[PDB]
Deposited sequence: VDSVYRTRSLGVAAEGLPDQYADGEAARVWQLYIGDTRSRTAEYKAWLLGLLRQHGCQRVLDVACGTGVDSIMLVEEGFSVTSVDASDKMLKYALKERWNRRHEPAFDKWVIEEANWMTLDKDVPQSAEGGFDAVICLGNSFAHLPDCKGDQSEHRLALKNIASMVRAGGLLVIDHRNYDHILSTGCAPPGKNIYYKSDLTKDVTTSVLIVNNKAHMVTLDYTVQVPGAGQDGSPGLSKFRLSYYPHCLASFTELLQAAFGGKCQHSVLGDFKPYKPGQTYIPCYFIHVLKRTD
């Protein structure tokens, strides 16, 4: 006997778990995007301009921080997420600078990976010049069914957002390394340096000999604790998933931490970033 159904709000009532220890401390966590690194800004801006990108779809924009950078650099951006919880900060900022003309034109909407075609809006045009999905968000999507086919669908829908000749930019942490050291240490984000000091417990879940989940239990120092989970995408496999998603008719390369990656290199990157161009 719950007093209200799961997932239903009520006027003057916080939504179900808004108020808990874990929530309060996770918000402190997605509120540390106050230092975009210089190397990241110069590489994303450089890639999108080498390719003549003007219209960009930011998938899983979260708080909207990559997107605000884009809007400020003159791109025509539409930014979507499934999480209303995160989208609220994006929408706030647009509203604050609602009065800068670049931000008037900023499009922000709700979308889900699984229905991404129906959810995203597409102008007197059709087809985005580049679609970005960065910060290791794709890995947030679990393989609930078991065979990865939700990953297949999600990547098909993202794929289909990319116009002919356009780019998909999409990253994951280096799960090869993680599975093999058994750790996902903190302080490694190459997009935004934190200055929070954190401990992390790393839990690796292997089902029937295939890694299936990586779960990180954070302690941040005011001592507090939250948990986030990821699907451990191995490099070789993800590349394939992406290839399948454009049906082979594409050009693919791999960066490790913004730089070209050649298998065997001695530098072990924190992140792998895939840039595909639709042919």
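Residues of the deposited sequence that lack C-alpha coordinates fall in the stretches 1-4, 226-235, 294.
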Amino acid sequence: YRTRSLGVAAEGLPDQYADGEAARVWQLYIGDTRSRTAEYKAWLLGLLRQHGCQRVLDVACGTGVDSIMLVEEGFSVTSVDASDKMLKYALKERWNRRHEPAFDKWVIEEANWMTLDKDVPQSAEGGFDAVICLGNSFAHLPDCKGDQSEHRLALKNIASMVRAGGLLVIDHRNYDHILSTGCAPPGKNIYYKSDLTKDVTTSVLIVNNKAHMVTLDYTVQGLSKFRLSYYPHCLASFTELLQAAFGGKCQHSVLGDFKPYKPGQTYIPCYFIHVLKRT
From here on, numbers count along this sequence of modelled residues.
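For the two regions 117-125 and 192-200, the entry's Cα B-factors average higher over 117-125.
Comparing 25-33 with 245-253, the higher mean C-alpha B-factor in the PDB entry belongs to 25-33. Considering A139, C144, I108, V207 together, the PDB entry gives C144 the largest C-alpha B factor. Among all modelled residues in this chain, the alpha-carbon of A236 has a temperature factor (C-alpha) in the lowest third. The deposited CA B-factor of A10 belongs to the lowest third of values across its chain. Ranked by Cα temperature factor within the chain, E100 sits in the highest third according to the deposited record. Annotation for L45: CA B-factor lies in the lowest third of the chain's modelled residues. The deposited CA B-factor of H172 belongs to the middle third of values across its chain.
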